[PDB]
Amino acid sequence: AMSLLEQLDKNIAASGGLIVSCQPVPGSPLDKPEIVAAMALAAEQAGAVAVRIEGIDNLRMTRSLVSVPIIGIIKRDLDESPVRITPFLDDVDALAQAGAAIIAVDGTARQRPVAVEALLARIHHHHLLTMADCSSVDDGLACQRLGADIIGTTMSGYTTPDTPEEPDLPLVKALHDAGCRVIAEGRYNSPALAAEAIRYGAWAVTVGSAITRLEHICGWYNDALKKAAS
């Protein structure tokens, strides 16, 4: 029996280290739990080392089909706080009972209903792995110090207006060099960009829109096609 992290280490070396976030566009014809589960299974068959799944209905359906680790989250829109990713202790509890192997939480220093330390503690005390979705060197190192197993770059570009087009590669290297196990996540919209994250020190790379958001991909094509007519 080898630890989940040790298994992922070996599968990343063998396969590449792709994690597919299977989150279709809200309202999409493709946003159905059976379709999310099928996307996750397809990703597993294609060599993904893990999948990210949002929501309990999607998680329950996916759990049945996949054998790779599931990173679970629940997204919420809070009345005042800008935090969205797994903000509540009850959300941690629900993901743990529904079969997530890793639970990710927003790791930012922002107004929020539950302290980051408390969310991480709740996950660990379900005997699951923790992932802190971080935005900066400072928040990432704080979450490292709180004992998060994995630091994601998921929130970089999303705490302040004007999200950059390019992914935040330097953050991957800063966190890696500081001793973090880093998942690069956010705007890795081509295989070429994902490879650059590896070059910057990523342990694995999570890709969402470019694989599982058909409408979003169509938009990128329309943008380019329209400019070429202009």
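Numbers for residues come from their place in the sequence shown, where the first is 1.
75-83 and 114-122 differ in mean CA B-factor, and the higher of the two is recorded for 75-83. The mean Cα B-factor in the deposited entry runs higher for 160-168 than for the other of 55-63 and 160-168.
Sorting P33, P69, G27, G201 by the CA temperature factor given in the entry leaves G27 at the top. If you compare the C-alpha temperature factors of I151, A98, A101, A104 in the entry, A98 comes out highest. For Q23, the recorded CA B-factor ranks within the middle third of the chain. Only modelled residues enter the ranking. Per-chain ranking of the deposited C-alpha B factor places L41 in the middle third. Per-chain ranking of the deposited C-alpha B factor places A192 in the highest third. Residue-level temperature factors show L129 in the middle third of its chain, judged at the C-alpha atom. Among all modelled residues in its chain, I12 ranks in the middle third by Cα B-factor.
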